[PDB]
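Notes to accompany the following structure.
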Amino acid sequence: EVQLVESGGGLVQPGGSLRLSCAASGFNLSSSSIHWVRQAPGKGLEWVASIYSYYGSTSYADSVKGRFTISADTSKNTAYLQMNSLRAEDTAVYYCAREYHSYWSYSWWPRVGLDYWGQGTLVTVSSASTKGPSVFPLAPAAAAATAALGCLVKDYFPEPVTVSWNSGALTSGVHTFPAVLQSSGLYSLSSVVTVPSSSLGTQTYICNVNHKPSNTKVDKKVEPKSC
Amino acid sequence: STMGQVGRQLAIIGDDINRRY
Amino acid sequence: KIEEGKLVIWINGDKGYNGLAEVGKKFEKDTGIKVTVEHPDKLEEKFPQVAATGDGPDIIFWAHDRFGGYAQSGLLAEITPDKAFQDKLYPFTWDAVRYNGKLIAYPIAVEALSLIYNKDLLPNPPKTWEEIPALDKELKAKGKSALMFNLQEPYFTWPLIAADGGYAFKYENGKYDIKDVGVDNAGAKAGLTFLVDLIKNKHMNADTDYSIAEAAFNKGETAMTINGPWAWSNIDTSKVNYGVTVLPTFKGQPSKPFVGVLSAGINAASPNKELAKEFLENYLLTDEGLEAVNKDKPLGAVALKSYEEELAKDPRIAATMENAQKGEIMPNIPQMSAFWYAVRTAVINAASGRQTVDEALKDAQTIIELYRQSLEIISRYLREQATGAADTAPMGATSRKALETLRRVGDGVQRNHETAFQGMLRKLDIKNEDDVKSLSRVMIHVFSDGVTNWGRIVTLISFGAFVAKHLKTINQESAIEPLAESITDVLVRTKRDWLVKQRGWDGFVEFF
Amino acid sequence: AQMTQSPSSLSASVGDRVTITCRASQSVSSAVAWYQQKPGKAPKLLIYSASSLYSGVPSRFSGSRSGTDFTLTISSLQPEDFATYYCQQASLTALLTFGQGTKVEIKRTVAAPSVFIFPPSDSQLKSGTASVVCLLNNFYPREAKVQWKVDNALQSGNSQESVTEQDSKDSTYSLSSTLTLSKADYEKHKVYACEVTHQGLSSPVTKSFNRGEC
Ligand SMILES: OC[C@H]1O[C@H](O[C@H]2[C@H](O)[C@@H](O)[C@@H](O)O[C@@H]2CO)[C@H](O)[C@@H](O)[C@@H]1O
């Protein structure tokens, strides 16, 4: 069928430059309209750029007018979004989506929906440097019948950080609050598990923070405070 | 009009050349 | 023979020609050169004939539908609007008017049909065509008629033909396939079958035309009709509370009208090209220039982006290009001209009941592959016979066989006759382009004798080649262009039945 | 070209209508489409042309139109349909405008949260940062106002929250509000508290901690 995958999404600096290359398969790139859309983390879809005319006319959103340049390569069937002066807010998951109507003459009309979408390629635009997470425990201090034991992960970059409990044996009552970017451009996942209070000292409970990009493996034990 | 006659002779010559061809 | 220093415009009758006259008066007031606007009967066919002779208007207004043929034949002159102006119009309008990658006319406004019903008689329009009979019968009880629109012009009936399926020219890998016509597939069959069923159910009458239906709706006789923006003014003055909505869906599919783009082209033969440019860009395609012609007769969805805000306060435009959004833009390929004629015949032929539905559609689809085939065959031969060097551009197989057989037989008959052709050319007194234009009279007289044969037409093509040679000698040259076309029309207009009977050009090559 | 989506987020159970409206402002192109986005996935195209449904989609979706409005309706909501829904318009010019999107989430019996407050661990305190986290568990609906009360003084500025989406087997939500402050400010403030107002809670629920005791 039609499968379109775009790569090139990595880490760049503010005011940096990068280009995203969307390869396509199952359909000719030049025979259909191509739109680069972007969805910031926890935000709605946002349309970035468009090749819409049979003659290669290109359009852009105001935020990316001129700064972004969309192009095609009929030889390699690979569309390109060449960026310049990239800013931090440009960070998002970039989807290279297709649009094609069987009834499209030299003039492409009517405009139909984006039939196909790529897997998305997150692009991060920040000045932070990769480093491991910092782990701080969250010991309940006993709360009712069920108490919460957790371990906050703070100041880690980039994504993702995977946290389990008891080498993954504990999978009941687990809750991983997704990481939220801090003012310093560093993420902080959080993890908490609910468990009967009577099992405070009888059962050991550890978390296994793992930061693959930084090759960090921090295993920590959480025990109730003196309170 | 004589021009009607030239059209008529167009018809005649076309028919004749078709007959021998 | 266009006069220099005065602007002459042609705009169809059912358009805001009074608004065009108003903008022309404004132009005359400012620039100081007289402006005249005319609405010749079926101007879309008048313009090519007159412009071919070097006369005609300095501007021609019409849907982008057929301007491609005008540009291809050379009647229109390529326009050169600055990038700033090119930005002033909707990109899809430009893409519609642009031909062979070049801009051949200025788009004025994009328009499409709509179903306009009378709120008083019909509180809610039928969401599908299948409800028309019922409503009709109901309104027949009260002495009214549900739906009545123009059946004469294929443009109005097409949206139903294209609802289920049906297409004009199959697009493929970036270009049309003129050998692929969708006016004979299942979708068009079903649509026009439903239409003829409506006609023979007494819900409609074949003889209905634009004026008849417009007057009937204006008086309040009919609940619904199908029409474009230009009609609305006539509705407005009749004080019949009216609503306009998307065309009813057919067989669960929407009806797709052929979206048109009224555009203005500048005549090639016009010495006043810059005058036409000034009239269009600076004067016509402005907020006030378009607003006037709209207030006279609403054009539809204007091409200008700035005016579109004012275009939004009116729901009728929204409904019209909602129908458009269901439909597609008319291709500008020259064949389209002939294509329209094709469908026209079928639309009437089935509507009157003379020919069965499938019969009419098959005839209209053979008209697409008969007209262009003959025009191409006459081309590259008349020019080849005149210049004497065979054109190396690609033809198909039948085209090549016809070219070769025409060459041999026509040259043979030319050699055989010689003196007759020379004397007749002298007797015609062909000296200017007007003479070759009037050549249509001998064209009709040639076949007027009441009998038909391949020999007659082949001798006719030979005489045409001789005339082209002598036009080159007397340096008309450009007269080679329309004469060929002059043949094509009379072949498709008066001899279509024989051409289809003899398998088109295949029988021609077999007989020779 | 502006498209306004509505409602921001509706609550629905299996088999309801819960229609979704989109309003086009100063724009009269009728080329509008609706897409469906599940968490962490490429959006799917539900319908296009503001009326026609993309092939391969169940008929439960319908692209009704109301002139200047375009509404997406679900005849009978299903568990799979719980996702975000976007409406976008490809104006007759060269442009694409996406709506704000609206979320569809399970309708179940209202349940009050469970509120736990964790002060900073001594390790963080020695590190040089204070991060007090208040945690709401297993509540419904998403709307839940969380505020920080410190030494009889409200502090709603330097707070950031993250909400765990629909849970498993219970279709409730979780919330973690983190207030981050310098060590010294935390030391000089004695009592901290997180206050939660929610549908389940008829009255605000306070969960408080004190510095240096217990
Ligand atoms: O009926 C065939 C006819 O259809 C179209 O003409 C329309 C035109 O596009 C509208 O703007 C309006 O004027 O009504 C016309 C029908 O009377 C084609 O554009 C034209 O070439 C064709 O002959």
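Lettering and numbering for the structure tokens are positional, with chains as A, B, ... in the shown order, residues counted from 1 in each chain, and ligands counted from 1 in the shown order.
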Got a sec: who's within 8 Å of stretch 25-41 of chain D, counting only C-alpha atoms, leaving out chain neighbours fewer than 6 positions off, as a ChimeraX atom specification?
/A:110-113,119 /C:309,312,318,321-322,325 /D:1-4,47-50,68,70,72,82-92
Could I get the residue neighbourhood of ligand 1 at 8 Å, counting only C-alpha atoms and all ligand atoms, as an MDAnalysis selection string?
chainID C and resid 12 14:15 44 62:66 111:112 152:156 228 230 260:262 336:337 340:341 344
Do me a favour and pick out the residues of chain C within 12 Å of chain D, using only C-alpha atoms, as a PyMOL selection string.
chain C and resi 87-95+110+244-246+249+252-254+301-327
At a cut-off of 6 Å, list the chain C residues touching chain B, using only C-alpha atoms, as a PyMOL selection string.
chain C and resi 446+455-456
Can you work out the spacing between atom CA of residue A:167 and atom CA of residue A:192 in Å, to one decimal?
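Computing the Euclidean distance for atom CA of residue A:167 and atom CA of residue A:192 yields 14.9 Å.
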Taking only C-alpha atoms into account, report as a list in words which residues of chain D lie within 7 Å of chain A.
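Putting it all together, I get residues 31, 33, 42, 45, 48, 49, 90, 94, 95, 96, 97, 98, 100, 101, 118, 121, 123, 124, 162, 163, 164, 176 and 214 of chain D.
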Hey, which of C:359, C:510, C:30, C:328 ends up closest to chain A? Count only C-alpha atoms.
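For chain A, the nearest of the given residues is C:328.
Taking atom CA of residue C:503 and atom CA of residue C:349 as endpoints, the distance between them is 20.8 Å.
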Show which residues sit within 6 Å of stretch 203-220 of chain A, as a PyMOL selection string. Count only C-alpha atoms, and ignore same-chain residues fewer than 3 positions away.
chain A and resi 131-132+161-166+199
Please indicate the distance in Å from atom CA of residue C:35 to atom CA of residue C:437, rounded to one decimal place.
26.7 Å
Residues of chain A in helix (DSSP H, G or I), written as an mmCIF file with N, CA and C atoms, in the first residue's frame:
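This went into states-v1.cif:
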data_model
loop_
_atom_site.group_PDB
_atom_site.id
_atom_site.type_symbol
_atom_site.label_atom_id
_atom_site.label_comp_id
_atom_site.auth_asym_id
_atom_site.auth_seq_id
_atom_site.Cartn_x
_atom_site.Cartn_y
_atom_site.Cartn_z
ATOM 1 N N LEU A 29 5.556 10.551 -5.712
ATOM 2 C CA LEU A 29 5.534 11.746 -4.878
ATOM 3 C C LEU A 29 4.995 12.944 -5.648
ATOM 4 N N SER A 30 5.412 13.101 -6.904
ATOM 5 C CA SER A 30 5.076 14.287 -7.682
ATOM 6 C C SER A 30 3.645 14.284 -8.199
ATOM 7 N N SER A 31 2.925 13.174 -8.073
ATOM 8 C CA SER A 31 1.566 13.067 -8.585
ATOM 9 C C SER A 31 0.513 13.449 -7.556
ATOM 10 N N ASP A 62 2.216 31.290 8.460
ATOM 11 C CA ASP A 62 2.888 32.548 8.767
ATOM 12 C C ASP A 62 4.107 32.321 9.652
ATOM 13 N N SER A 63 3.992 31.430 10.639
ATOM 14 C CA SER A 63 5.107 31.188 11.547
ATOM 15 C C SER A 63 6.314 30.613 10.818
ATOM 16 N N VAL A 64 6.094 29.914 9.709
ATOM 17 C CA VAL A 64 7.167 29.273 8.963
ATOM 18 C C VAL A 64 7.274 29.841 7.548
ATOM 19 N N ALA A 88 13.038 27.337 19.418
ATOM 20 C CA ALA A 88 12.683 26.283 20.361
ATOM 21 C C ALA A 88 11.251 25.810 20.152
ATOM 22 N N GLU A 89 10.320 26.743 19.942
ATOM 23 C CA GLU A 89 8.919 26.370 19.796
ATOM 24 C C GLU A 89 8.652 25.571 18.529
ATOM 25 N N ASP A 90 9.609 25.506 17.604
ATOM 26 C CA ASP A 90 9.443 24.667 16.426
ATOM 27 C C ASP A 90 9.489 23.184 16.757
ATOM 28 N N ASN A 166 10.393 -3.176 41.094
ATOM 29 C CA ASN A 166 10.796 -4.544 41.415
ATOM 30 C C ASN A 166 11.167 -5.312 40.150
ATOM 31 N N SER A 167 12.099 -4.745 39.384
ATOM 32 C CA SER A 167 12.560 -5.349 38.137
ATOM 33 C C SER A 167 11.397 -5.640 37.193
ATOM 34 N N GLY A 168 10.340 -4.836 37.278
ATOM 35 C CA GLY A 168 9.163 -5.037 36.462
ATOM 36 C C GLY A 168 8.179 -6.052 36.999
ATOM 37 N N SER A 197 -1.124 -0.337 53.061
ATOM 38 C CA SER A 197 -0.230 0.292 54.028
ATOM 39 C C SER A 197 0.471 -0.745 54.898
ATOM 40 N N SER A 198 -0.228 -1.824 55.251
ATOM 41 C CA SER A 198 0.343 -2.812 56.159
ATOM 42 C C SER A 198 1.606 -3.455 55.600
ATOM 43 N N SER A 199 1.823 -3.376 54.286
ATOM 44 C CA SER A 199 2.990 -3.969 53.645
ATOM 45 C C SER A 199 4.162 -2.999 53.541
#
Closest to residue A:145 among D:138, D:114, D:102, D:171, using only C-alpha atoms?
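Nearest to residue A:145: D:114.
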For residue C:422, list every protein, DNA or RNA residue within 10 Å, evaluated using only C-alpha atoms, and leave out those in the same chain fewer than 4 positions away; present the list as a ChimeraX atom specification.
/C:417-418,426-427,463,466-467,470
Please produce a file of those selected residues containing C-alpha atoms, as a short mmCIF file (atom, residue, chain, number, x, y, z; two decimals), in the first residue's frame.
data_model
loop_
_atom_site.label_atom_id
_atom_site.label_comp_id
_atom_site.auth_asym_id
_atom_site.auth_seq_id
_atom_site.Cartn_x
_atom_site.Cartn_y
_atom_site.Cartn_z
CA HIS C 417 -7.43 17.85 -61.63
CA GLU C 418 -5.00 20.78 -61.35
CA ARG C 426 -9.68 32.10 -59.15
CA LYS C 427 -13.49 32.12 -59.25
CA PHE C 463 -9.02 21.26 -52.61
CA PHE C 466 -4.50 23.39 -52.71
CA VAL C 467 -6.13 26.42 -51.07
CA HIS C 470 -2.05 29.17 -52.54
#
Contacts of residue D:108 at 9 Å or less, counting only C-alpha atoms, minus same-chain residues fewer than 2 places along, as a ChimeraX atom specification?
/D:12-13,106,110-111,140-141,170-172
Go ahead and save the picked residues with N, CA, C and O atoms, as a JSON list (two decimals), in the first residue's frame.
[["chain", "number", "residue", "atom", "x", "y", "z"],
["D", 12, "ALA", "N", -18.73, 11.01, 27.21],
["D", 12, "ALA", "CA", -19.72, 10.16, 26.57],
["D", 12, "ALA", "C", -19.50, 8.72, 26.99],
["D", 12, "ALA", "O", -18.38, 8.31, 27.32],
["D", 13, "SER", "N", -20.58, 7.95, 26.97],
["D", 13, "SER", "CA", -20.54, 6.51, 27.16],
["D", 13, "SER", "C", -20.73, 5.82, 25.81],
["D", 13, "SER", "O", -20.78, 6.46, 24.76],
["D", 106, "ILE", "N", -14.53, 8.28, 28.39],
["D", 106, "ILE", "CA", -15.56, 7.38, 28.89],
["D", 106, "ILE", "C", -16.42, 8.09, 29.92],
["D", 106, "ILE", "O", -15.93, 8.89, 30.73],
["D", 110, "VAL", "N", -19.30, 9.08, 38.76],
["D", 110, "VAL", "CA", -18.37, 10.06, 39.31],
["D", 110, "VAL", "C", -17.70, 9.47, 40.54],
["D", 110, "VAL", "O", -18.36, 8.88, 41.40],
["D", 111, "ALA", "N", -16.38, 9.63, 40.62],
["D", 111, "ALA", "CA", -15.60, 9.14, 41.75],
["D", 111, "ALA", "C", -14.68, 10.24, 42.23],
["D", 111, "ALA", "O", -14.02, 10.90, 41.42],
["D", 140, "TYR", "N", -12.90, 11.46, 38.66],
["D", 140, "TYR", "CA", -13.70, 11.63, 37.45],
["D", 140, "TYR", "C", -14.63, 12.83, 37.65],
["D", 140, "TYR", "O", -15.24, 12.95, 38.72],
["D", 141, "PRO", "N", -14.76, 13.73, 36.67],
["D", 141, "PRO", "CA", -14.09, 13.80, 35.36],
["D", 141, "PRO", "C", -12.70, 14.43, 35.44],
["D", 141, "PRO", "O", -12.13, 14.57, 36.51],
["D", 170, "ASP", "N", -10.88, 0.94, 35.00],
["D", 170, "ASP", "CA", -11.65, 1.85, 35.84],
["D", 170, "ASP", "C", -11.93, 3.21, 35.20],
["D", 170, "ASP", "O", -12.79, 3.93, 35.71],
["D", 171, "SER", "N", -11.25, 3.58, 34.12],
["D", 171, "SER", "CA", -11.57, 4.79, 33.37],
["D", 171, "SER", "C", -11.58, 6.03, 34.26],
["D", 171, "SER", "O", -12.42, 6.91, 34.12],
["D", 172, "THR", "N", -10.64, 6.08, 35.20],
["D", 172, "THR", "CA", -10.42, 7.27, 36.01],
["D", 172, "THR", "C", -9.11, 7.93, 35.62],
["D", 172, "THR", "O", -8.33, 7.40, 34.82]]
Compile the contact shell of residue D:69 as a PyMOL selection string: residues with an atom at most 7 Å away, counting only C-alpha atoms, same-chain residues fewer than 4 positions apart removed.
chain D and resi 21-24+65
Suppose we keep C-alpha atoms; can you now write the selection as a CSV table (one decimal), in the first residue's frame?
chain,number,residue,atom,x,y,z
D,21,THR,CA,-19.2,21.4,15.8
D,22,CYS,CA,-16.7,23.5,13.9
D,23,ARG,CA,-17.2,27.2,12.9
D,24,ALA,CA,-15.4,28.8,10.0
D,65,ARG,CA,-23.2,20.6,7.6
Nearest to chain A, restricted to only C-alpha atoms and choosing among C:172, C:82, C:4, C:131, comes out as C:172
Return as a ChimeraX atom specification the full set of residues in stretch 175-356 of chain C whose backbone-based DSSP assignment is strand (DSSP E or B).
/C:175-177,222-227,242-245,249-250,253,258-267,301-302,304,328-329
